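Student: Take a look at this one; I'll ask things after.
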Amino acid sequence: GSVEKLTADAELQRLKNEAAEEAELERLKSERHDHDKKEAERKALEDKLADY
Numbered sequence: 001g002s003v004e005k006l007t008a009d010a011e012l013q014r015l016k017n018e019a020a021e022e023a024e025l026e027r028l029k030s031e032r033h034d035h036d037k038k039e040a041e042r043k044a045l046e047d048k049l050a051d052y
């Protein structure tokens with residue numbers, strides 16, 4: 001047992017910072033890229049099948 005105890009204490013702080021991980025998902029939503037895909041759904045009615 002020595003000052004090394006404080007070193008392991010740093011890992012405990014990271015666990016309490018797990019909350020920030022959820023905020024990461026919100027950042028992806030800012031892209032709006034996934035939302036843009038919804039408009040493409042309307043084009044699906046055309047059945048152009050340009051892909052193949």
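Residues in the sequence shown are numbered from 1 upward in steps of one, following the authors' numbering. Note that beta-carbon positions come from the ideal geometry of N, C-alpha and C, so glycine has one too.
(1) Considering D9, what are the terminal residues of the alpha helix (DSSP H) in which it resides?
(2) Over the uninterrupted alpha helix (DSSP H) stretch that includes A23, give me the two end residues.
(3) Give every residue of the same chain whose Cβ lies closer than 7 angstroms to the Cβ of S2, excluding the five residues on either side of it in the sequence, and list them in chain order.
(4) Need the endpoints of the alpha helix (DSSP H) that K43 sits in, please.
Tutor: Short version:
(1) Here residue 9 corresponds to residue number 9 of the sequence shown, with the count starting at 1. It spans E4 to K16 - the alpha helix (DSSP H) in which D9 sits, taken as one unbroken run.
(2) Locating residue 23 in the sequence shown gives position 23, counting from the first residue. Here the alpha helix (DSSP H) through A23 covers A19 to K29.
(3) Reading the sequence shown from its first residue, position 2 is the one you call residue 2. Contacts found: none.
(4) On the sequence shown, position 43 is the one that residue 43 refers to. DSSP places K43 in the uninterrupted alpha helix (DSSP H) bounded by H33 to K43.
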